[PDB]
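K.L.:
Provided hereafter are the protein sequence and its experimental coordinates.
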Amino acid sequence: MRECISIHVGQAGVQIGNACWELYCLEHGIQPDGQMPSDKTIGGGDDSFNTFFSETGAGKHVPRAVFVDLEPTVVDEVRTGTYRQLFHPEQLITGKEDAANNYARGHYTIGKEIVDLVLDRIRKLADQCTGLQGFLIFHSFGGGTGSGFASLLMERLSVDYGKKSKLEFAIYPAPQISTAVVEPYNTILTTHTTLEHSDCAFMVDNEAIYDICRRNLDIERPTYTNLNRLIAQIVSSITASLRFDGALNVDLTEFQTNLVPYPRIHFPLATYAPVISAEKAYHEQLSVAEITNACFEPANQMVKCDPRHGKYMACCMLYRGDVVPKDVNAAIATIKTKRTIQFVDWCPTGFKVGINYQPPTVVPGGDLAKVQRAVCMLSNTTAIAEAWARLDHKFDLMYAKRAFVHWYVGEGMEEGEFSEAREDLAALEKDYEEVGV
Amino acid sequence: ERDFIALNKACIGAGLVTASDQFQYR
Amino acid sequence: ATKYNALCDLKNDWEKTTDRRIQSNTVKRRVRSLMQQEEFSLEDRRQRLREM
Amino acid sequence: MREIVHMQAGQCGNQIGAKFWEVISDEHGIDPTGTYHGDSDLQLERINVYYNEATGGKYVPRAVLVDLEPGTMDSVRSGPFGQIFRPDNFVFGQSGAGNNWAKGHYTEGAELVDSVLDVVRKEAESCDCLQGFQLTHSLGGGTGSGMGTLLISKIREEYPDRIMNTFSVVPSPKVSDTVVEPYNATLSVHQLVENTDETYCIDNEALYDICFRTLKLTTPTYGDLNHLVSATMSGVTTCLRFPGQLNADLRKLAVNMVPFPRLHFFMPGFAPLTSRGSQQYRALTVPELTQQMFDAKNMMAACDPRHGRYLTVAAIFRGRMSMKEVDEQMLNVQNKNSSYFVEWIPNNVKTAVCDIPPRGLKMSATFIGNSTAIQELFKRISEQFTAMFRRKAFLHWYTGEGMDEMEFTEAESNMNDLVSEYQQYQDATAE
Amino acid sequence: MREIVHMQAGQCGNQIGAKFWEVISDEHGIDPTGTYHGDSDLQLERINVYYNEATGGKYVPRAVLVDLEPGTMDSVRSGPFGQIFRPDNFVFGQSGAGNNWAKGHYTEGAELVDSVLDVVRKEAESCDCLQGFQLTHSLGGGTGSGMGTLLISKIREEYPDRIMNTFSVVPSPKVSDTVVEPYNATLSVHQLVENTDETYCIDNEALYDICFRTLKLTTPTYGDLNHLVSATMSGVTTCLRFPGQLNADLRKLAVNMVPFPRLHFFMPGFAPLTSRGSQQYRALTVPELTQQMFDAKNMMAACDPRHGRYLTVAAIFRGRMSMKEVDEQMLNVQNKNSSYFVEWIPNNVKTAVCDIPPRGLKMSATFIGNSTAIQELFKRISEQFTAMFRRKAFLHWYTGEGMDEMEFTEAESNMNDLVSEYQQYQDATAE
Amino acid sequence: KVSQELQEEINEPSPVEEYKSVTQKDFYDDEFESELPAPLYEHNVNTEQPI
Amino acid sequence: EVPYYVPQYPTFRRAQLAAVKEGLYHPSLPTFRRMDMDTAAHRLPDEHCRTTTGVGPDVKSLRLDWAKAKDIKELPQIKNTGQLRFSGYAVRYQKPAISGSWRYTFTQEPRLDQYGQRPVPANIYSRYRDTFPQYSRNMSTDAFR
Ligand SMILES: Nc1nc2c(ncn2[C@@H]2O[C@H](COP(=O)(O)OP(=O)(O)OP(=O)(O)O)[C@@H](O)[C@H]2O)c(=O)[nH]1
Ligand SMILES: Nc1nc2c(ncn2[C@@H]2O[C@H](COP(=O)(O)OP(=O)(O)O)[C@@H](O)[C@H]2O)c(=O)[nH]1
Ligand SMILES: Nc1nc2c(ncn2[C@@H]2O[C@H](COP(=O)(O)OP(=O)(O)O)[C@@H](O)[C@H]2O)c(=O)[nH]1
Ligand SMILES: [Mg+2]
């Protein structure tokens, strides 16, 4: 009954969804064909998959996701690969031209024809529900379909569905590690549009997950598959409360009401942190206190920002596996008595914990070990102001002499939208200092 | 020049059809 | 009119001659392949003679 | 299902287009007859971008060949991989321009424009997505420069938004080979700078320098230069044809490359390049490819990028590699050679990683550079043009076709303006 | 079952009819000696449309060959497929027409016209349902023009209900080949008008144009011209002999094709036509069939269809197709240029899909076009006629053969009235 | 030898299409008729008294 | 459900350490030298030993008739080879028939031929009865049928 709809828009969204749905199939025991290979089946209690899958009445499960990309290659890779019969053919929405790293092409001209079709598909999926828990939007701020068309789709969803959970997982650019030039323009434009049309904006950084894979898993030269698997593990740990039964289940509404203090501070940090490899994983105790102290470390945040420069406001602790509450309470007490972890003065009750029975599953095509205890740490804090400032620095030093603006200007968008977006994100920064002090 | 529009319009009302009949009722 | 006639005659003659040369080139490729097979057989005989 | 229409103009355009259609047909596993003999399905997945389906397993290239004389058309059809082209796309006339840009653009070229535009319109309406047009020709010729730029103007008039890139074999400082080459090059680039989205500017003497210093081959001949140019063209267009980790097509390259619409003259570079004796011993790794890619004498333009400053860079990697090492090496090369990159653009290097290596290689990289060092080429053509024009040499041939000296003076003004835009950007400060 | 009686008149009519029987004999599996060496029951199912059953397995063509000279009929009898015909319906005269309409219509073609009526009456009464008459001739001489029009008038008086199609090769000013040709055309078009139910005007210069620019062929030859005309004739009448999804006889073609009774001059067509080199470079599909069939080249009259407005279009497809794609292509070619279409007739396209494609083809199509551009043909004929008639040139033959300059003037007035009728039907507004 | 081989490989005849209508291919298939053979030998037809 | 590319991918001839290792004991311990070899050789984490383990839980010569090989004293021409003709709804090479019968063969009198009978001209059918007058005395205006 507690059902979520996933919208993976852009090439980054499609690839992250391809990792996330194979993680979901491994978790719920669904084979890539679409059925359960359990054979004996047995009834018992087996409604845990209903968050992300639906019965067809014949044993097959179709996922509640829509894959969107304006170019026909990353979606056709899904349609050609082994997860072909799993997805319904109408949810794999493709375009003709890509948005060409251009917010104007993604938002105004090419994004205007396919938005009706993807809204129609979202309408069919919402009609095939018995109470929608929320939306899980997966995109990249880098540019194109993930920046312009994502903003268009979320503003159309805000017009249509109104009050609904709208959790998004954003591929934010790194301060140095990035693969585009008009990318700060795209980020500045999309953060102005998706600020009033979202309620949680979980941020992950490519360089930060590179450093995580280099340090903990000791993957010196990783690909996007490992990063997508880590992001999928984060999202699985988030939705484990909705899917599997546990002691303290933290749903989306409880999550938001315990996380966001103000409607414009909806930008938390995710850190799933038993993340050590199978080689150096089975020689350690891996206790609850150990994994909480691993979460509360500066060189474990999966967005490139130092939390010691800011103040923690809210923290949500999603535990996974054989986790008793007394170890949770002791670990939270030790974290609170720690002095380098500063909480803001107006939030005494800074922690909301929740324990799920089901342990994390190991992906045989991955590198994370088969651990028994897990904790994923989602902290709303004021350490992202430096990332905002770095983005503003890049945007200002390009917009000073109007480089690359003509592609946006002559193709829809006016000149002053960049100024409006810069003003909006400066107001967001000022909001962050007002909350920080 | 004669108006073949009205010519054929009157011709089909007179019941002539064929082209020889057309030219003779012209 | 006579320029139109001359242009059409030139295009048709070029098409016919080029098709003829395509056919001749295909024949030359096939006979060159047969030459290559005979040369390979000769090389195998040379290797056997070397060992002997 | 994107589409790019290939057009070849002139002897150079026809030769390197034939080599191009050899190489990409080998990439997609198409035999010279036209059938499909590949062993995978990724070849056949995106075969509609350059090949129209024919009867049976035949696959017709989407190329239009144009030259006023039949002397190179008969040869390019009778040669290898020449029986695959459609015979209706071989438009030709009686006379020839022959380094006579005025005849190629106004008198003899203009008669064939209607027929070749009919052929290109036929191909474009046969297309269903039509990403853009690529034109291969040589600046410094009659049919390649003049009629090529006339075709560029006509296709820009017909389709003012579909992408356009010209590959533009450009004059070199010492090879020369033609006494009216400055006239032809100036008059062609005057049209190109205002009517082209991406100009690539490949250089013959630079290609000799690469093919001899890196590859040995004391007889570097002609088809080898065609092969290098074709390798760069395939490495440019590979993301439209094959799946990858982070795809980027021609419009993504144009958006990330061109800051201002007149600054679109690039420097191509292909760099898994190694000698004959060094193939079995060299390791094709990402840092080594980056070093050879940013190697100065690995550039296929005769201008040294050290005498300038890079505005934007694109690297199209092909093969299975690690994104972290790729963008870490781009970060490393930017922070090392920060004096050769503009300070007012952060992240000058766009990246595009495709998962299919070129045939015969394990891991490859293609370079695009919008440096301000091509102003040396533009100033060289300008000074040769003003050396010839001040004595009115060879001008009666051009003015007997209906052309006046006003066009030459306009070409001077436009080239000098472009030189000024490239000149002020390599020394403009941020604050 | 219904029947068509064939009548070949003149040299051109006899050659075209001989080639027509040659092509529909091996369309039906009929050997030169007359038996049925077919390979399907569908060929023999509807053979009585054109072939009378006789002794044994001999299927004899139902055609009458007429000529006022022992020439081309001797040629037909000596050539291949010339022994299928009876020796009775080879009526001919030892005299000469002299390229004279007066001699063909009044003088020595009138003493044999009663014998031709006897033969055609015998065949028509031996028919079972007698759908109508198919007559092939030319408006450029004697026997073709005068004798043919006399035959059409007498058959119209005998049977004023059955379908009457006359194909007729219309004179050209570039081909010429006859001097009294404008007189013979002007004095016979009017006689065609009130008698023929539908006329599929063929032009030699348009046949030469389609051979030149569509079939290449260098030297086209009258044999190939007759093969092409016969192919279009068989495509017109294929629905009477083969079953299909969507049938249309000659009466259905007339009813859906001619709007007003003096507007029955058509523009035939056919569009599998590739050169020998370019035959393997085209994937034979309904869209290129439609666009080649609607191409301005493929029309077999010298009038350009963009110079007028299509009153009606009929398209008869042969083979296995999909009706959605067929109707969608017809709608698309109507919608891209509805400017070349009359606004007062919505959806003026008549599709007729039949199975059994012609021998050796995957899929074929043929065209019939009633357009107001056909007034130009009569305007050129008129402007030649008045130029010759203003000085009374070559008129002594017609006058001393028993005719009138007032009859010549009234024929000219009739043709100009027809031209004005087409002009005002073209220029009539929607409302 | 290969000249004559290529002569044949160019001048092969075109393939004649299959001669059945679209209705006869889609809606029609071979099917032989049984007739429920007689168990009481009602086979006299000339001198048999009808039931 | 097995696909076609899995016996050709060299990346599949290994097993990830997370998939194969479920205990303290490493099934095949990779030494520091092999680990450093792969680190210096820049291997992806599908062939690297640190994360992946390989363990699991003539002809013949030509003999072609030298007699007529010598007897060939010409070359097979490709140029003439029949001319282009439009027959059978397509342009094809047609070999000319050489032989010609370009001479007329009709005779005034009706004669018996080997293909039946000669057709005989139409003015012959008036010699003895005159069945066909140009001005007949028929009182119907429509002939007998
Ligand atoms: N973490 C992670 N980031 C990715 C992945 N794929 C792409 N990205 C990010 O996406 C950015 C590039 O822009 P894209 O997301 O590919 O743009 P798009 O969504 O494809 O839309 P278009 O530009 O119109 O093609 C890069 O800077 C990457 O950081 C991925 O698989 N994992
Ligand atoms: N790299 C390269 N250069 C060529 C090739 N063919 C011709 N060129 C150069 O092109 C210039 C002449 O241009 P040309 O082909 O004659 O132009 P056209 O008259 O329009 O055909 C010469 O300076 C040659 O060096 C080729 O295949 N490769
Ligand atoms: N298509 C075609 N046209 C022909 C043929 N023979 C003659 N013609 C045309 O007919 C015209 C002459 O008409 P003609 O046959 O002499 O009329 P007739 O004397 O009454 O038979 C010329 O302009 C030719 O173009 C033929 O075999 N095929
Ligand atoms: Mg994309």
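P.N.:
Done, it's in. Numbering: from 1, shown residues only, chains lettered A, B, ... in the order given. Ligands and ions are numbered 1, 2, ... in the order given.

K.L.:
In terms of helices and strands, where is residue C:4?
P.N.:
Element membership of residue C:4 [criterion: DSSP states H and E] is helix C:2-51.

K.L.:
touching chain E at all, that helix?
P.N.:
Yes - contact between helix C:2-51 and chain E is present through C:8, C:9, C:11, C:12, C:13, C:15, C:16, C:18, C:19 (criterion: Cβ under 8 Å from any Cβ of the partner chain). To be clear about C-beta, it is placed using only N, CA and C from the backbone, and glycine gets the same treatment.

K.L.:
quick one: contacts for the fourth one?
P.N.:
So the one you mean is residue C:12. Residues in contact with residue C:12 (Cβ atoms under 8 Å, 6 or more residues apart in numbering or on different chains) are E:212, E:216, E:217, E:218.

K.L.:
In chain B, which residue sits nearest chain C?
P.N.:
residue B:1 (33.2 Å; Cβ to the nearest Cβ).

K.L.:
number of nearby residues for the nearest residue to that residue once chain neighbours are set aside?
P.N.:
Of all residues not flanking residue B:1 in the chain, residue E:420 sits nearest, at 5.0 Å (Cβ to Cβ, 6 or more residues apart in numbering or on different chains). By other Cβ atoms under 10 Å in any protein chain shown, 14 other residues sit near residue E:420.

K.L.:
Could you export whichever strand or helix holds residue E:420 as CSV, keeping only the C-alpha atoms?
P.N.:
Element membership for residue E:420 (DSSP H and E) is helix E:405-427. Output of helix E:405-427 as CSV, limited to C-alpha atoms (Å, rounded to 0.1, in the frame of the first residue of the first chain):
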residue,chain,number,x,y,z
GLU,E,405,-11.2,25.4,-94.0
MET,E,406,-14.3,26.2,-92.0
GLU,E,407,-14.1,22.6,-90.6
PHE,E,408,-10.5,23.3,-89.7
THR,E,409,-11.5,26.6,-88.1
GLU,E,410,-14.3,24.9,-86.1
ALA,E,411,-11.9,22.2,-84.9
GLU,E,412,-9.5,24.9,-83.7
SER,E,413,-12.4,26.7,-82.0
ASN,E,414,-13.4,23.5,-80.2
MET,E,415,-9.8,23.0,-78.9
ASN,E,416,-9.6,26.6,-77.7
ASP,E,417,-13.0,26.2,-76.0
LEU,E,418,-11.6,23.1,-74.2
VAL,E,419,-8.4,25.1,-73.2
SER,E,420,-10.6,27.8,-71.8
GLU,E,421,-12.7,25.2,-69.9
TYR,E,422,-9.6,23.7,-68.3
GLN,E,423,-8.3,27.3,-67.5
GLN,E,424,-11.5,28.4,-65.7
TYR,E,425,-11.8,25.0,-63.9
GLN,E,426,-8.2,25.6,-62.7
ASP,E,427,-8.8,29.2,-61.7
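
K.L.:
what's the closest of the residues of helix C:2-51 next to chain E to residue D:19?
P.N.:
For these, the minimum distance to residue D:19 (Cβ to Cβ) is 19.7 Å, reached by residue C:18.

K.L.:
Now do the helices in the chain.
P.N.:
You didn't say which chain, so I picked chain A. Remark: helices assigned in chain A by DSSP state H are A:11-28, A:74-80, A:103-104, A:111-127, A:148-160, A:183-193, A:206-215, A:224-243, A:252-259, A:288-295, A:325-337, A:385-399, A:405-409, A:417-436.

K.L.:
nope, chain F please
P.N.:
F:2-10, F:22-26.

K.L.:
would you list those in CSV and tack on distance to ligand 3 and mean neighbour count?
P.N.:
Shown next, in CSV, are the helices of chain F (distance: least, Cβ to the nearest ligand atom, whole Å; neighbours: other Cβ atoms under 10 Å in any protein chain shown):
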stretch, distance to ligand 3, mean neighbour count
helix F:2-10, 29, 13
helix F:22-26, 35, 12
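
K.L.:
Much appreciated, bye for now.
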